[PDB]
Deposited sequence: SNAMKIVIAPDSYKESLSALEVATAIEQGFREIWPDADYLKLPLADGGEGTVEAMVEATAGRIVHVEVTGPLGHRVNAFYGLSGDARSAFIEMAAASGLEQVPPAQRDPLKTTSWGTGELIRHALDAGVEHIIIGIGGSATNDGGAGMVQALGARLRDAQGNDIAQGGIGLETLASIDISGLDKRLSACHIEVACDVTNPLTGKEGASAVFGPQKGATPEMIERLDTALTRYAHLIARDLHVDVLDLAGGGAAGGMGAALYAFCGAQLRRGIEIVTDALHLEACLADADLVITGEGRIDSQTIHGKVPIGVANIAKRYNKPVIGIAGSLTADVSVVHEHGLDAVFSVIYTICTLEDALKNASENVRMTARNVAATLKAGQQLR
């Protein structure tokens, strides 16, 4: 009988995690409806915070582990494992991301994805049947060549020499050999959060569109673009997979195409991966009311990926859905209310972000109650 209220928000970036957002909403709602049946389900879009969100949702753990970082030195990375141990959650950026690289050291000719392969290997080592991988924020333009080598593939040059680390090495590539390739991979269900359509090569390929932001000069870009062409050609030829035409294969320096061609990964929109994995639809089918939201700081990246995906599912069950949306200044949702917040370089500001979500949530609930009485 108790009213069932599902609270499935994204994070407020640079401030509250998805779960802290859900918790502040629940506290506000409980001021009006102390005895409702609340189900919190912290969501993510496959980007930053996905591993933590997934681990919370699944009662899992974060496993910290030393891997090879993007410049080939030892870095501390992490992956997540589900409560049941059947799923691993990986953000490649922990091993191979731009922020593992101090500004006066970005060379996308040298940077490697090796440590992403190590994270995948450790996940596989833990017995998982399912891996979810986020590939945003990459330092690498090596087409995932480091990654697949770390997993057992031999990527050699014309004289049988393993290729050099980074995109540099891919120019020299003569034979892909997957006799050594970790056999647990094709048995595994591997999903990659991929929200771009860019292919491996060309004028909207990996090097052209994303190489600049990893520090490629105009000329470095042609070299890498020309090398990923060869890569695709040696992929089609030595793996018998066509990767040149794949939508999203140009993601994370071409790692999208390596994850597809070597690992049997599926490239899917991240919100759909996360939505399926946490069984949102099953949680919602029952609900009376769905509350969601998200917070963005930068106005370019204000994309309601989580609220809209939540609303799309809810509408199939005709559930009312209300969003509490965070912004610096102030789509299937029945209503959206805004919360102004800032970047948390006080922690006092973390508390104020918490308080403003809670208080808005209170007023939303009070207004729902007022509606009942009409």
Check: Hey, which stretches of the deposited sequence didn't make it into the model?
Finding: 1, 332-338, 383
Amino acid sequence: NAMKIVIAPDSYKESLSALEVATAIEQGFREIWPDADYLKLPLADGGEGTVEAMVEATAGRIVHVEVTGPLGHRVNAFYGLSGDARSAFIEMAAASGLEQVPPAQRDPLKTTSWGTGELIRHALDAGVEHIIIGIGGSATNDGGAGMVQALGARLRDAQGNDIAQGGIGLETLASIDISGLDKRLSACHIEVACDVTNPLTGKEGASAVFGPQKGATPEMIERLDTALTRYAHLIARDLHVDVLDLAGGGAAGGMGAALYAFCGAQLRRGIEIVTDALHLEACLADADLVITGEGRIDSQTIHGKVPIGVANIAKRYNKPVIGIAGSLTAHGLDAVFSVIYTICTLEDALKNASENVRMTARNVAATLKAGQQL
From here on, numbers count along this sequence of modelled residues.
Check: Taking only the CA atoms, which stretch has the higher mean B-factor in the record, 116-124 or 99-107?
Finding: 99-107
Notebook entry, point to check: Which has the higher mean CA temperature factor in the PDB entry, 30-38 or 343-351?
Noted result: 343-351
Check: With respect to the C-alpha temperature factors reported in the PDB entry, which of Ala330, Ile308, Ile324, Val51 ranks highest?
Finding: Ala330
Next item on the list: Could you tell me which one of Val241, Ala153, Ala257, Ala158 shows the highest CA temperature factor in the PDB record?
Entry: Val241
Check: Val336: which third of its chain by C-alpha temperature factor?
Finding: lowest
Notebook entry, point to check: Within this chain, which third does the Cα B-factor at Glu204 fall in: lowest, middle or highest?
Noted result: highest
Next item on the list: Rank-wise, by C-alpha B-factor, drop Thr217 into the lowest, middle or highest third of its chain.
Entry: middle
Next item on the list: Just say lowest, middle or highest third for the CA B-factor of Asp142 relative to the other modelled residues in its chain.
Entry: lowest
Note to self: What third of the chain does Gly180 rank in for C-alpha temperature factor, lowest, middle or highest?
What the structure shows: highest
